[PDB]
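Asker: Before we start, here is the structure in question, set down as C-alpha coordinates.
Written as C-alpha coordinates, this is what we have:
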(Lines of atoms letter the chains of each structure in order from A and count residues from 1; the text may use other names and numbers.)
(Lines give C-alpha, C1' and ligand atoms only; values in the text may rest on other atoms or scores of the structure.)
Protein backbone atom coordinates (compact mmCIF):
# COMPACT_ATOMS: atom_id res chain seq x y z
CA UNK A 1 0.00 0.00 0.00
CA UNK A 2 1.09 3.65 -0.08
CA UNK A 3 3.49 4.58 2.67
CA UNK A 4 2.87 8.25 2.45
CA UNK A 5 -0.24 10.29 2.94
CA UNK A 6 -0.88 14.03 2.84
CA UNK A 7 -2.12 15.55 6.02
CA UNK A 8 -5.20 17.79 6.18
CA UNK A 9 -5.26 20.70 8.57
CA UNK A 10 -7.40 19.99 11.46
CA UNK A 11 -7.42 23.37 12.91
CA UNK A 12 -10.83 24.37 14.16
CA UNK A 13 -12.25 21.58 16.21
CA UNK A 14 -11.16 19.90 19.42
CA UNK A 15 -7.77 18.21 19.43
CA UNK A 16 -9.41 14.83 20.06
CA UNK A 17 -11.74 15.36 17.15
CA UNK A 18 -8.89 16.62 15.02
CA UNK A 19 -6.75 13.60 15.84
CA UNK A 20 -9.65 11.29 15.20
CA UNK A 21 -10.48 13.09 11.99
CA UNK A 22 -6.95 12.87 10.66
CA UNK A 23 -6.79 9.26 11.70
CA UNK A 24 -9.79 8.66 9.42
CA UNK A 25 -7.80 10.08 6.47
CA UNK A 26 -4.52 8.71 7.66
CA UNK A 27 -4.41 5.93 10.23
CA UNK A 28 -1.18 7.68 11.09
CA UNK A 29 0.30 8.41 14.48
CA UNK A 30 -0.50 11.58 16.33
CA UNK A 31 0.83 13.42 19.28
CA UNK A 32 -0.32 16.62 20.87
CA UNK A 33 1.51 19.59 22.32
CA UNK A 34 -0.06 22.53 24.08
CA UNK A 35 0.90 26.09 23.20
CA UNK A 36 -0.47 29.31 24.70
CA UNK A 37 -3.14 31.01 22.68
CA UNK A 38 -6.44 32.96 23.20
CA UNK A 39 -8.17 29.70 22.13
CA UNK A 40 -9.68 27.70 25.04
CA UNK A 41 -7.68 24.68 26.23
CA UNK A 42 -8.58 21.79 24.01
CA UNK A 43 -8.90 23.52 20.69
CA UNK A 44 -6.38 22.72 18.13
CA UNK A 45 -4.92 25.51 16.08
CA UNK A 46 -3.37 23.05 13.71
CA UNK A 47 -0.47 20.84 13.00
CA UNK A 48 3.20 21.79 12.63
CA UNK A 49 3.28 20.92 8.86
CA UNK A 50 0.54 22.61 6.71
CA UNK A 51 -2.29 20.84 4.86
CA UNK A 52 -0.99 19.16 1.77
CA UNK A 53 2.21 18.00 3.35
CA UNK A 54 2.93 14.42 2.41
CA UNK A 55 4.20 12.50 5.39
CA UNK A 56 4.90 8.79 5.89
CA UNK A 57 1.71 6.98 6.88
CA UNK A 58 3.63 5.56 9.85
CA UNK A 59 4.96 8.93 10.99
CA UNK A 60 3.75 11.02 13.85
CA UNK A 61 1.77 14.20 13.37
CA UNK A 62 2.02 16.95 15.95
CA UNK A 63 -1.17 18.65 16.96
CA UNK A 64 -0.77 22.09 18.43
CA UNK A 65 -3.32 22.28 21.15
CA UNK A 66 -4.07 25.71 22.21
CA UNK A 67 -4.22 26.33 25.85
CA UNK A 68 -6.10 29.40 26.89
CA UNK A 69 -3.41 29.95 29.53
CA UNK A 70 -6.32 30.58 31.79
CA UNK A 71 -7.77 28.88 34.78
CA UNK A 72 -11.09 29.38 36.50
CA UNK A 73 -10.49 31.89 39.27
CA UNK A 74 -11.93 30.84 42.68
CA UNK A 75 -14.26 33.18 44.56
CA UNK A 76 -12.65 35.93 46.58
CA UNK A 77 -14.66 38.94 45.59
CA UNK A 78 -15.70 41.42 48.24
CA UNK A 79 -12.75 41.50 50.60
CA UNK A 80 -10.34 44.03 51.98
CA UNK A 81 -6.78 44.57 50.81
CA UNK A 82 -5.61 43.20 54.16
CA UNK A 83 -7.69 40.13 53.56
CA UNK A 84 -6.62 39.98 49.96
CA UNK A 85 -2.86 39.63 50.63
CA UNK A 86 -3.14 36.38 52.77
CA UNK A 87 -5.68 35.05 50.23
CA UNK A 88 -3.34 35.83 47.32
CA UNK A 89 -0.40 34.01 48.86
CA UNK A 90 -2.70 31.15 49.94
CA UNK A 91 -3.88 30.97 46.35
CA UNK A 92 -0.22 31.14 45.27
CA UNK A 93 -0.87 34.04 42.95
CA UNK A 94 2.24 35.19 41.06
CA UNK A 95 0.78 38.16 39.21
CA UNK A 96 0.21 41.73 40.23
CA UNK A 97 -2.88 43.17 41.85
CA UNK A 98 -3.86 46.03 39.65
CA UNK A 99 -5.81 48.50 41.56
CA UNK A 100 -7.77 50.90 39.45
CA UNK A 101 -9.74 53.44 41.34
CA UNK A 102 -10.71 53.49 44.95
CA UNK A 103 -14.19 54.30 45.99
CA UNK A 104 -14.97 56.66 48.79
CA UNK A 105 -16.45 54.83 51.71
CA UNK A 106 -14.02 54.49 54.52
CA UNK A 107 -12.87 51.72 56.82
CA UNK A 108 -15.97 52.09 58.93
CA UNK A 109 -18.09 51.47 55.88
CA UNK A 110 -15.90 48.47 55.07
CA UNK A 111 -13.38 49.05 52.35
CA UNK A 112 -14.01 46.01 50.33
CA UNK A 113 -13.49 45.22 46.74
CA UNK A 114 -16.73 46.15 45.03
CA UNK A 115 -16.05 45.52 41.40
CA UNK A 116 -13.37 43.71 39.51
CA UNK A 117 -13.04 43.46 35.77
CA UNK A 118 -12.42 39.63 35.64
CA UNK A 119 -15.03 38.00 38.00
CA UNK A 120 -14.54 34.83 39.99
CA UNK A 121 -15.65 31.85 38.00
CA UNK A 122 -14.21 33.41 34.90
CA UNK A 123 -10.96 32.29 33.31
CA UNK A 124 -7.97 34.39 34.20
CA UNK A 125 -4.48 34.01 32.66
CA UNK A 126 -1.70 32.05 34.40
CA UNK A 127 -0.50 35.26 35.98
CA UNK A 128 -3.95 35.64 37.51
CA UNK A 129 -3.85 39.31 36.81
CA UNK A 130 -7.00 41.03 37.96
CA UNK A 131 -7.76 44.69 37.97
CA UNK A 132 -10.19 45.82 40.65
CA UNK A 133 -11.71 48.74 42.49
CA UNK A 134 -12.24 48.78 46.23
CA UNK A 135 -13.07 51.16 49.05
CA UNK A 136 -10.38 53.71 49.94
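In the deposited numbering, the protein residues as written are 491 to 626.
Note that beta-carbon positions come from the ideal geometry of N, C-alpha and C, so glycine has one too.
Which residue wins for smallest C-alpha separation from residue 436, given the options 612, 622, 527 and 615?
Answerer: Because the chain here runs from 491 to 626, residue 436 falls outside it and cannot be looked at.
Asker: What three-state label does DSSP hand residue 503 in the structure shown?
Answerer: Looking at residue 503 - three-state DSSP - the assignment turns out to be coil, as it is neither helix nor strand.
Asker: Please return the same chain residues whose Cβ sits closer than 7 angstroms to the Cβ of residue 552, not counting the five positions on each side in sequence.
Answerer: If we look at residue 552 and ignore the five residues flanking it on each side, its Cβ neighbours are 521, 523, 537 and 538.
Asker: Contact check, residue 565 vs residue 611 under 8 angstroms by CB: the rounded distance?
Answerer: About 7 angstroms separates the two Cβ atoms, so the contact holds.
Asker: Measuring straight from C-alpha to C-alpha, what distance separates residue 440 and residue 511?
Answerer: Missing from the structure shown is residue 440; the chain here goes from 491 to 626 and no further.
Asker: Given that a residue counts as buried once 16 or more other Cβ atoms are within 10 Å of its Cβ, and exposed if not, what is residue 517?
Answerer: It is exposed - the Cβ of residue 517 has fewer than 16 other Cβ atoms within 10 Å.
Asker: Note down, in chain order, each residue of its chain lying with its Cβ closer than 8 angstroms to the Cβ of residue 568, except the 5 sequence neighbours on either side.
Answerer: Cβ within range, chain order: 602, 603 and 604.
Asker: Using the C-alpha atoms, what's the distance from residue 596 back to residue 614?
Answerer: About 29 angstroms.
Asker: Mark residue 534 as exposed unless 16 or more other C-beta atoms lie within 10 angstroms of its C-beta, in which case mark it buried.
Answerer: Buried, by the Cβ-count rule.
Asker: Does the Cβ of residue 598 have 16 or more other Cβ atoms within 10 Å, making it buried, or fewer, making it exposed?
Answerer: Label assigned to residue 598: exposed.
Asker: Per the DSSP calculation, residue 606 is bridged to which residue(s)?
Answerer: Paired residues: 622.
Asker: For residue 574, count neighbouring Cβ atoms within 10 angstroms of its own Cβ and tell me buried if that reaches 16, exposed if not.
Answerer: Looking at its Cβ environment, which holds 16 or more other Cβ atoms inside 10 Å, residue 574 is buried.
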